[PDB]
Every structure is written in C-alpha cells, then in structure tokens.
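Attaching a single structure in structure tokens format; questions to follow.
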C-alpha cells in the first residue's frame, strides 16, 4: 500500500571513530490480511543499485504482453 | 518404481521381523528402531524414507481392509521370504494398527486431551476464618493444542464436582447407547 | 497480658491507638456506622456519604474516620475469625478502654449478624479457581480417509473457570475419545466417594 | 492473473517480490530469526517505487558530479 | 511529641494504609484519572523550560582526568545556575 | 568445609550424602547440624572484622555446650584466606535491578527522505543489553540525548555530594 | 396475584422474545428486563421470579427436537392444563412464534455449539506464470486459494496455498472419494 | 538549593508586575486548577472574552507562575529563602507576600502530585494465605503432605498483578525469621545515625 | 535457499473425516451432519504446521464445485 | 481395591504347582518387582533359564497380573491382612502367601516413595533476600528521606526445571503487615499441631 | 482536502519560495483567491513545518522520557554497615509499532555511571564534527 | 474416630515436619528435598500398551510368544511411565468389565441373565442409526442442490487460448 525511505551517511560508531559508510532504510506498509504490518529494512550501496536494476528489469518484463 | 517396499530388499530375510514389528510398536506409541542397529544396510537420509514408506503402507493397508489376494499381489516382486513375513505381520497385530488409526482420527480437532491427574485435600484454616474444614479437589489437565502441550488446573468443591459428574453422566447415557 | 479476639495474641498497637478515636462518638451513631461497615463486608454496599454525614457532627477529618472504619472492620472480622461471642468481646473491649456503653451498643448489632458474616467469610475465603459451568457434545464418526469405516463416538467438553470475582472467565476446550471419557468419569466418581466422607 | 472467482477471465500483469532478512540474534532472543517475505505489487505501485528510486539515484549522481 | 511531627506519625500512616487497602474514599476515586493529566501537564511545562545547551565550553579543556572536575565543567555548557 | 563450599553457590549434596552414609548419621540430625552451622556463619559474616573482634567472638562462643577445639576452626574459616572470597560473593548479593552489560551506538546524518528532499538532521542509534538477557534498540534525537547527558552529569554530582556527606555527617 | 397471566399478553410475549434474544441469539446487552419492571408496575410483591422459572422451563422444553406442530399442542396442553396454564388462543400464539424463529434458533444453537475452526468463505485465483529473476520463460499455471477460518466469537485467520495440475487433480480425487462415501452411507 | 532564577524564565514573569494583585490571585488559582483538574487553553479564550486580554502572554504568565510554584515546592525551601529569591523580580511587597502565601498553602498537595513521576517499581499490595493438607492422589490414596498456599498481590505502574505460590512450615519459619531481621536494623545505631544526621 | 516455486505455502498432506453431532448439553437431538478436514502445511523454513477446520455439506459441495471450476480454468490455459 | 477378571485368572493360574514351583514363583515375583522398580530394565527379566519350560503367554499374563496387584496394593496402602485374605481366596498355601508377604515387605519403601513422586504442584519457595535503602530524591522531587525495602524471592517451578526469582519493593508499613500475615500463618500451624 | 494536502506536501518537499507557488498553481486554472490563501499561509508557518518534518523518525522505537532516582544502600542479607550510594534510571521507549510505551529499569554504581558518562561524552565528541 | 484420629495424625505429622529446621537446597539430602521442595516431582503420562491374551486361535499367538513382544511392564523406558500405563490399563479393563459380566443389584443383573453378545442390543440401536443415516440422506438435494452446471467446465477446452505475447519489450525510465 505505502512505502517510505531514508538515505543518509554514517559518521562514526562505537568501535570506529571515523567512517563514511552509506546506507538506505525502507519501510513497507504491507497488507497482511485484514490487519497491517510494517517491514523495516536496511540496504548498502551495491545492494541498492542491484535492487534498482532488478526493478527496472521487472518493469521491462511486466509490460511485454500488454 | 513399484511398491514403496522396494527399498526393503537390501535387508536380509533374518532382520525383517525385528524392524517391522518395532516400527509397528513405534506407530502404536512406543519407541522406534534406532539407526545403530541396521546402519550398515541403509543410509540415514534414505532410512527415513523407507521408515515412512513402511509406516504409511501399513496404515493404508489396515485402514482400507484389503482382501488377502490384493495384499499378496502387491508384494510379488519382493524377496521370496519377506512376503510371508509381511503378511504374517499384518495378520498378527492388525487390531493395534486399527486402534492407533482410530485414535489419530480424534487428532482432527483444535485440541486433544493427553493425560490427567487429580489431588484431594482438606482445607483447615485461612486468614478469613480458622474453622474452615473445606474439602477441595484439584484437577490437572495436559491438553495438546496446535503442536504443544498446555497444562491446566481446576479447583472444585463438592457442589461443582457433583454438577460436573451429573453433566458427564448425562453425556455418558448417550455415549453408551451410541455404541 | 493478651486477648482472644486477636487470636490469643497481644493486641496490635494501631487498633489500641484508634479505638480511643472510635470512643469519641455517640453510641446511636455507632449503631448505624458499624451497621454500614458490616453491610459493606456482607456485600450489600457502602455509602461513604452516609458515614461522613453521621460523623459530621464531631468534625472528624480524613485520618480519624479512616482509622475508625479500619478498626471497625478489623476488629469485627477478627472476632468473627474465632467465633467469639458478644459477652466475651464486650469484656475484652472494656479492658481496651472503650466505655461499657459503647461496648454494649456495638455488640447489640455484632451479636445479631454473626451467622451471615461467617457464612460469607467461608464462601469468600482464599481460592484459586472455580468451575462456573460445563458443556458437552457427542459425535459419532462414520467414515474417514485413514479408516474407511469407524462407527465409534467422540465427546467434546468445555470448562469455564472464574479465576477471581469480577473477572472474565477463561474457557477450556478439549476433545476426548470414549475410553478417556469413561476413565475420567470413573476417577471423578472415586474422588467424590473419597471426598464425601469428610462431613 | 488469468481468472478469478469474481471474474471469469482477464490478462493482467502482477509482480511477486520475495526477500530475505537477517535480524540480530540479540534483539529476538536465542533464535537466529531469519525470515522471508513476499509482497504482491501492481503497475502503479511499481511505477512510484521506480520513480522515487530513480530520483534518489539522480540526487546521488548530482552530488558525485558536484 | 515534637519529634512525632517529624518521624513519629507511624501509627496514623499504618492505619491509613490498612484502610485504603480495601476501600477508596470517593475524592480519591477520580484522583486516579486526574493523575495522568497532572503528570502530562508537569512534563509539558518542564519541556517549556527545558535546560537547553545554548552555551559552550571553550575548546581545549581536555587535559583533566578526574571524577570531580570534568563533571563540574560539563554542567557549565548548559549555563544552569549552581 | 561442605557448608563453606555451599556459600559460593556450588552444589555439594552428593558429598554430604556420602559423608552421612559413611558416618552412620540420621538425616534428621545432619540437617539440623548443617542448618545451625550455616545460620551461625551467615550471621557472623554479615559484620566486618572491625565490628566483630575475636575476643568477643569466642567469649560469646562460651564453652557451655561448646567444644574448645572447634572454635579454632570457626575462627580460621571466618578470618582465613577465604574471607575475601566470601565478602566478594557476599557483595554480589546486594543487587535488585539489572546492570548494563554493553553499550553500542551509531550516528547517522540523514541527507534525504521521502517526505523531504534534503533533511540534514543528525541522529543517533542506540543498542543496550542487560544482565537479565534483555536487548533494546532505539533511536535517540539530539535534544533527548542532551537531556540524558545533563541528567547523568547531575546524578554524578549528587552522588559526589552524598559521598562527601557520608564521612562528615557520621563521624561525629 | 392473578395479574398479567389472564389479563395482559403484551408483557408475556415481550418477555418470551427478550428471553429468546438473551439465551439463543447472544445479544444480552440491553433487554426488556430492566424496562418492564418500572414501566409495567404489576410486579407481585412476593411471587415474581418463580413464574420466570416456568417460562424458562417451557422455553427449553420445546427446544429439544422441534416436533411437528400437531404434537406440540398436546404437550403444551398437558404441561399447561394446571394452575396458571396458558390459554388455547395463547397456546396457538406461542406455537406460531416457534415458526417465527425456528431456523434462527437452530442456527444459533449450532453456532453456539462449535468446537473447531469453521469455514467462513472461500476465495481463490488461478494464474499463469511468465518468468522470474533467473528463469526467462515459463508457462506452467498455478492456483491460489485463501481460506477464511475462525472460531465463533474470535477474529478470523487467513491461510494461503499454492498448487499445480497434479496436486489439484489429487485434491479433486480425494474430494470425489469424500462425496462417494457420503453417497454410499445413506443405504 | 536556592532559586537563582533563569533570565529567560524571568522575562515571562514581566506580565504580572504590570498587573494588580487582584488578577494575580486569580492567576494563582488558575495555576492550582492547571495542576489539579488539568490544563485547557480554551480558558485563554474565556479570559480574552471576559477581559479582552491577549491569550499568548496570559499563557506565558500562568505557565511561568506554575513552574515557579512547582520548583519551589519541589525543594521545601524555607520562607526566608523564597523572599530572598523573589526580591529580584521588582515585585510589590504585597504581591511578594501573596506569592509566598500561595506557595506555602499548596506544598503538600503538589509534592503528592510530583511523587507519581518517579520510576514505577513492583510494590506490595496485599497477601492471602490458606492452609491445606494433601490426603489422596491418583497413585496414593492415604497421604499426609501439609502445605501453605500463598496469593501475593503486586502493583506495577497502576495495575494489579497476582502470583500463586506454595511453601512448607519450616520455610515459612525461615521467612519470618529473616524478615524480622529485616526490620530490626532500623532500630540499630547505624540506621539511627544515618536517618538522624541527614535531617 | 532461494526458490521461486515456493513463495508462501505448500500443503504436504490432506486428511478428512465424516461424522455427525448427536447430542449436546443445550440440545439432546442436535443431529446434523458435518465434515472436517486436517491440513498440514510447510513454509519456507521447511517446518510442518497443522491446521484443522470443520464444514457442512453445502459448504463442502461449494468447495468441490469451486475446485472443479479451478481445474477446468487451469486446464484450458 | 477392585480387580479385573484377567488378573483373577492370572492369580488362579499362579497357584497351580504344576505350572509353577516355589522357585519359579519366587523368580517371577522378583522379576515383576525388578520391572516395576529398576529404571534400566530389559527383556532380561524373563531370561532366567529356570523359567524356560512354560508357555510365554501364561508367563507374561501372570507377570502383568502380579505387577498390577502390587501396584494396586501400594496405591491403596494395603497391609498383611488384606493381601493374606485375598491370596487365601485365590487357593494359595501358607508357603506362597508367606513368600509374597516377605517380598512385599522387603522393598515396600521404594514402592511407597515411587507412587508419591507423581503429580504437579504450585511453585515452591526456598529462601528470601532483602536490601535496605534510604530514598533521597527523584527527578521531579528533591527531598524525601524515606527508607524503602527491596525483596527477592527464590522459587522453583516443578513445571520448568529453573529457578526464577520474584522481586517486589516494600515500605516499612507494608513489611510489617506482611510479617504479621506470615506470623498469623505460623500461629495457625501451631494451633493445628496442638490439637 | 486530499489534493490540498498533497500540494502542501510537495511544497514542503521542495521547500519552495512563495513566488513559485503564486506562479505555478495559477497555471492550472485556479482562481486567484485560492492562490492568495495558499501563499499567505505558506509564508505564515512554512519553516515550522519543515523543522517539524526534520525531526521526524522512521525507526519503530524512540526514546521519549528520562527519569532517575537516587538512593543510599546501608545493609542487606549478606552484609551490614554499608554507606554505598546507588542510582536508578528509567528510559521511556515508545514502541510506535504497537502504539504503546514500555519502560526500562536500570541500576548503576559510581564506576558504571562514570563509564556511561564517558561513553556519552565520546558520542558528543562525534556529534561535534558537524559544526 | 476418623474425624478425630485423622486430625491427631495430621497434628503429629505437622509437629514432626516442624521439628526439622530449614537447610539450604545445595545441602539437601533427598528426604529433605522431598520435604522442603518439589524439585524431584515427575508428571503423569500413560503410553499405549499391549498385553498377551489367553486366546490360542493361531497366527497372532506366534507373535505373543516371541521375544518381539516384550514383557508388558517393560515396554516403556521410565518406571513412572510403567506404573502410569499399568494403572490406566487396569482402570480401562475394569471399565470395559463394568459394561460386561458383573454380579450387580437385583435389577442391574436382570439383563445379564439372557443377554446375547452385542446382538439383542442391535435391534434398539438400529433405530438410532436409522435416524442418523436418514439425516445424512437429507441435505444431498434438500437445499442448494441440484448443482448440475456442466456448462462452465468443459466448453473452455474447445476454444483454447487465442492470443499470446510477442517479443521482449522495454522502455526508458520516466
């Protein structure tokens, strides 16, 4: 039904003083039957790029018949 | 690939009855045969397959109550000796398999009763009064629901116990004539 | 030395302190205040407006009225705990400093309602569960995939348990074979036979 | 979706995205708690997903070139 | 009797606790509902006057290794009057 | 020795049973003896050696119904090299609520969001584990973090105040 | 006193319908019990409850087998030929009312007799697969069925399943065997 | 220790000095109302309608006065310290006296309100005990196994929680013996010194 | 561990029973037929659940007709 | 104390000297006792060549009957007179009856302990711990100075082999009320003992 | 109302100047009264909306309240004659997923609290690189 | 007697149990573990059991006399299982006995005099089974049915599938 995302940069952590690890967060509002559920995920840069390419492929394959 | 018992040929004629009867005992509720007794003759991943095949074949044969010949003909391509062992095993303890099958029919429900225990006590005194003398029956239940065993407890006095016995006897008056 | 209405033990300190507060009232108003608190114990209900109005004459504040009601309930329940009678309780209260008039006035109502109070205390004593009701259904199976022909019965049972007063009841459900049902009935009858010889 | 109970026939594209999730063992107890999910999408939701992700990608590229 | 006003009020509190165990004077019945609004009001008002770090320590005060001085310095960032 | 080994939490039932079997001792007497020794030692170890001198110790232990040769063992166990261990484990009995086991964090810098092209809002992610086995993970914005830090500093200051007052207000 | 029984009928039928709602239909929220007492002031000072017990007894008595109305009149007369018994016209009136709520009563009894999850609707779908991430060409079809299951008085659960040709055929065969077993057991 | 007020908070107290004490008393009553019956900004609309006075600054003044009262009762500081603190606000001596009196008359109620902000921990509410002896079971028919049943009630953040337990006479004796030691330390020299030198 | 064929569930076995309810506490002549079903199903984890429910004759014949229609539709294309 | 027909037939057969001698009877009785008692038993209970002359069917039927009789007697706490009378009604002699009574007496205590170890119970407490504190302040309250008591119960559930601990916080008045309640329970126990 | 809310969401997403609104909304056949009502309101409380969104959170758990209590422990079952301070912290974690609030009860000594304070100071030093 | 003697026995037991003081569980002999705890309490469970029968009708007797059929008490590993299963087996046997030959009262033994084996009872339960099977025979046509709609099923086979997709298609992201 609905989706949200947040794109940001890490600037530190408990065991590393300095790091610039990029990340992406997603929330998926999936209709689990009559109720509703939210699925929270985190992706890295290569995983996000592969996901985008796979979605492009799915869009290409989803408009073949009509 | 023929009858599901085709995997049984590897086992010699001597060690057949033990495996078969211990499998039937496992079906009825006792333990099942262990790997370290026939490991040389089969591999575990296929030992499970042959175990399940034997169990399900026996259950189907007993449930559908086949005649002698049709059971005989399905075992034509087995060992020259295993056939009579199988048929004698069916002839001996068919009733136990039928009882287990009938018990499993009651498994078609939300929950089933496994076993129970009751304890009787005499309540002497409490903070409210010191002349109580109240007999109390404690009933413990172990009811299996979904895939887990859930314990329950009920505390009853004489009146509740009498009413429960009355209702259960009313039900038993129907159960006894339904047979 | 000691007193009996406290179970053959020395009388507590708070009751001793607050009985004097009880003693600074009128006996007739006590005959209604003790009646109200006794009815509250009996389960009829309590009208705090009634007691506040009744003791409004003496301008007793929150602490004093609170202690008075607490003492009334505590002492009455303790006296009924050991089936103590009015004649002994009046003397014991006199030993506690309460004037004879107040002891007579209170025992006028205490002595004439002990039976309902004691039976209610017996009913409302400690307990963990109670079987509110029971329901059953009988099934007769005819055919199944596992077994072509069965022709045997089944019993369904439901038990409703009240874990506390003013609480929702959590039902219990189960499915039984005929054999388990019969053995359960026989064992219940045995327990009843053992459990009916204690009276 | 060729047919359904409430309609004898059609021919409509549909998507079934399945994913794998690994959660920290600490946050779930003593279990590894690796779950799989499935979401059934349509054309409009996929289009919105792709537009948003392409917008994010364009933002990233602009930042890179800036 | 003077020390009673400080710590000798035990018996009255004991009796009040005994009474309140099974009883609820009507004034206190709706007080339980009034409590939540009282706490919401006090937390919100404290939010209004929350002590906020609008002030800073001059950079370079990192030499201290103590459990008494650096905590004192830390509170200076919030400008709170002590 | 068995009673002492029990005070550190070790299970030593079987050795006690073997001793009872060997010495032909009814359980009713062995249990009473064990309970007496355990209670006596527990009450003895509550106090520090400064509040319980050996003199008063054996004077209270006064011979009536008492052997003379056992008080030496009692003193040796109480005042021996095992006392530090007993105090250390005894100190561990003074705990009610869980203690912090670990603390890990991660600070992010939100650049973009679905509801905002450029957010640019620093944020902190916090994870906490407790000795009870509980694990907690949550976000914590900046203002709330400042509130938490100020509260911690204030608690440190007040704890220092109490530490100072303890010596000054109880050595008069 | 002889109030209502031989005089007012409206309170009596109102009480019967209120009891039907309270004990069979599972709507005990607001009933006429609390309104008739202060709107009809004919409450007997002493004997007021026990006649409600006979109300309940007659209500449960007919609820056993639901016989033909020809045989209900005989039992109604036999039970009600005594003091305070119902009239012939009132006997006909109540006999009619059973027809007015017979099927609803039976359904509520069966509904208030369930012990396991019940089927509350079937919704299915049949699709044709095209391709996947790695596979580039597929045509094998599938079927999707979702089951509405739920025990009475509880939130419904949903179950989803997948199928192909062989499993659908097997399930059809099993259901056909079920039908055959149903057919052969009548005689 | 002393209310050395903040400058920004003081700026919100500038409305009252330009206001007569007649409405300052009403504002204090409004602060008490906000604590007890809760806050309703609609009262700002009512005040504007009945006085043609801006709602924003009235809200600022009432919240500032309430905050002053809360942090003044939160410490129980003496009256002289309060008089010293408010001497910096440039307030009339009559208004200062009114503020000090209003603060004085509503300290205990406020401190009763504030005590519900501390962390909520499980707390004892009531305890019930029943005595029973086991006589029979499904495996043994004649038995004697006495036990003590206990129902312990605890309150956590405003809810009622119940626990069902069991024990034997020796364990009950040990419990009483230990808990008696628990409340025997408060009568000792160490506890007395700690509780006396602090206050 | 990634396969497209299994997405949500796949039932591994199908068992049923036929019986009728004879009597009840609130009714001594209940006497209506019913048919029950037991499904044990496997998810992606490889486990096996057990879901059981009860039906009536009209519901069962509706079930059978719907599965028949599904078979026809899937066969045609 | 009721018994079934099959057990009656088994005990009828047990009396015949042709079927069993004294040695065979003693061995069967001891084998039944071992099967009932030992937790590491096997088919070896009947692998004693002295018994290898009678049909196993009767052997095992009588074995089951004897085990059932011992179980019933233990459950009903039967004594010498009841066993002797029933065995006499079974057409026994003064030798077999004496040996049966002696075998019952030899390991009666273990059988009494075994049947008393079946069943569940409510959680059983074992000990307590307490911490004494002196509350000072909270975030929104700055001067209280009130002692408070921390309590911790050690209980073990027969349902789950673990030692969960229950914790609650008490004040002095609550602690006094709790101690009074426990003392009342103790006095009730003493009253029961005196009677 | 949904269309107006969507327009406002777009405007705050792009953080547009009111001139952009005045120019663009009128292009889609909207009468001038609507455009003026939009632009005046956008000028009124626009930056408040973006600041509000800037503090928005996506994770299902947030820290909402902080409370603490200070106690002095003096004796217990296995020891006596103590003068040890202790501290308790309560954390208000809002489980936005369940629309409910839980609470975490933690306990500290002086050394543990000092270590916690040092960790928080390190986190603060991390946040100070973004000036 | 019992109403007082039972109280005296209870009092004696309580006194004896009070005599023993409390000891830490780590130093608890099994007797005290029984007294001052419940750590060694097992539950009640019954397992299905098979017993030899004094019926020599043939083939099954070969199994009954073989080592394959273990002795009845030793068919389960744990002794508690043994005792529980044996007790339930005896109780069920006696219950089946109650519905069989039983020297009962002046009226309950009346039917036992001339009762054929489960044959004379069949006449008056055949009536109940008649109602059961006639209720089953109904609803197979009473409502909903007939369901004969052999029009939606097989016609689809004749027509088949007419259209199909072409070549792989794609476009540029918007």
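Order of writing sets the labels: A, B, C, D, E, F, G, H, I, J, K and L. Residues in every chain begin at 1.
The rule is simple: a residue touches a chain if its C-beta (ideal position, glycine included) is under 8 Å from a C-beta of that chain, and two chains touch if they have at least 3 such contacts.
Here's who's who by UniProt: B = COMM domain-containing protein 8; C = COMM domain-containing protein 4; F = COMM domain-containing protein 5; G = COMM domain-containing protein 1; H = COMM domain-containing protein 2; I = COMM domain-containing protein 6; J = COMM domain-containing protein 3.
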item	value
Shared interface partners, meaning chains that touch subunit C and subunit G	B, I, L
Interface with more contacting C-beta pairs, comparing A-F to C-L	A-F
Chain centre separation (subunit G, subunit K; CA means) in Å	53
Distance between chain centroids, defined by C-alpha means - subunit C, subunit H (Å)	34
Cα-centroid distance, subunit A relative to subunit H, in whole angstrom	48
Rounded Å distance between subunit D and subunit J, as computed from the means of their C-alpha atoms	60
Residues of subunit K whose C-beta touches two or more other chains	58-59, 66-70, 72-78, 80-81, 83, 88-89, 105, 110, 114, 117, 121, 126, 130
Subunit B, residues touching no fewer than two other chains	103, 105, 109-110, 116-120, 122-127, 130, 136, 140, 153, 167, 170-171, 174, 178-179
Two or more partner chains touched - positions in subunit C	7, 125-128, 134-138, 140-146, 148, 153-154, 173, 175, 182, 187, 191, 194, 198
Subunit G - residues contacting subunit D, complex	122-128, 141
Footprint of subunit A on subunit G - complex, ascending	130-131, 133, 156-158
Residues of subunit L that touch subunit C when the two form their complex	2-3, 88, 91-92, 94-95, 132, 136
Complex contact set, residues of subunit I against subunit C	15-26, 30
Interfacial residue positions of subunit B with respect to subunit I in the complex	105, 107-110, 146-147, 167, 170-171, 174, 178
